[PDB]
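[1] let's see this in three dimensions:
(one chain, ligands or ions: 3)
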Amino acid sequence: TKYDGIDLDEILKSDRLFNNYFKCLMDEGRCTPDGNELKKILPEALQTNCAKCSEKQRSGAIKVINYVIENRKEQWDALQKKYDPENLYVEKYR
Ligand SMILES: [Cl-]
Ligand SMILES: [Cl-]
Ligand SMILES: [Cl-]
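    Residues are numbered from 1 along each chain as shown. Ligands and ions are numbered 1, 2, ... in the order given. I have put the structure below:
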């Protein structure tokens with residue numbers, strides 16, 4: 001899985017890279033092309049387990065979501081209140 005030419009594990013493990021995508025998702029900074037695509041699918045990923053997504057979109061989104069839930073907890077809270085206010089992902093799929 002890659003976003004904008006970069007391995008996604010690599011983005012997730014780097015504060016600098018991840019903070020760029022986090023800001024994109026939080027409407028606080030400009031999105032890269034794949035960051036904007038992640039933004040489009042993130043509420044579906046959280047609220048329906050990416051029911052209508054392609055497997056590729058879904059695999060990347062679930063990787064991001066589970067990493068952030070476990071390793072970037074404050075950022076997870078921000079993303080969850082914005083994209084999954086009913087907390088459906090943690091309650092109903094994970
Ligand atoms: Cl690209
Ligand atoms: Cl890419
Ligand atoms: Cl850290």
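[2] pull out the buried positions in stretch 57-74.
    57-58, 60-62, 64-65, 67-69, 72 (16 or more other C-beta atoms under 10 Å). Using the backbone N, CA and C atoms, a C-beta is placed for each residue, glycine as well.
[3] CA atoms of that stretch as CSV?
    Taking Å, rounded to 0.1, in the frame of the first residue of the first chain, the C-alpha atoms of stretch 57-74 are listed here in CSV:
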residue,chain,number,x,y,z
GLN,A,57,-9.0,1.5,-0.5
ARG,A,58,-10.4,-0.5,2.4
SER,A,59,-7.1,-2.3,3.2
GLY,A,60,-5.2,1.0,3.4
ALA,A,61,-7.9,2.7,5.5
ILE,A,62,-8.2,-0.2,8.0
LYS,A,63,-4.4,-0.2,8.3
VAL,A,64,-4.4,3.6,9.1
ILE,A,65,-7.4,3.4,11.5
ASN,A,66,-6.0,0.5,13.6
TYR,A,67,-2.5,2.0,13.7
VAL,A,68,-3.9,5.3,14.9
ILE,A,69,-6.3,3.8,17.5
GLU,A,70,-3.4,1.9,19.1
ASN,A,71,-0.4,4.2,18.6
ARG,A,72,-1.6,7.8,18.1
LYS,A,73,-4.5,8.0,20.6
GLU,A,74,-5.0,11.8,20.8
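[4] between the buried residues of stretch 57-74, which sits nearest residue 51?
    residue 58 (9.0 Å; C-beta to C-beta).
[5] what about residue 23, neighbour count?
    14 (other C-beta atoms under 10 Å).
[6] I should have written residue 34 there, sorry.
    19.
[7] does it touch residue 1 like I think?
    No. Residue 34 is beyond contact range of residue 1, at 9.8 Å (criterion: C-beta atoms under 8 Å).
[8] helix/strand/coil for residue 28?
    Secondary structure assignment for residue 28 (DSSP: H, G, I helix; E, B strand; the rest coil): coil.
[9] got the phi/psi numbers for it?
    phi -110, psi -10 (degrees, to the nearest 10).
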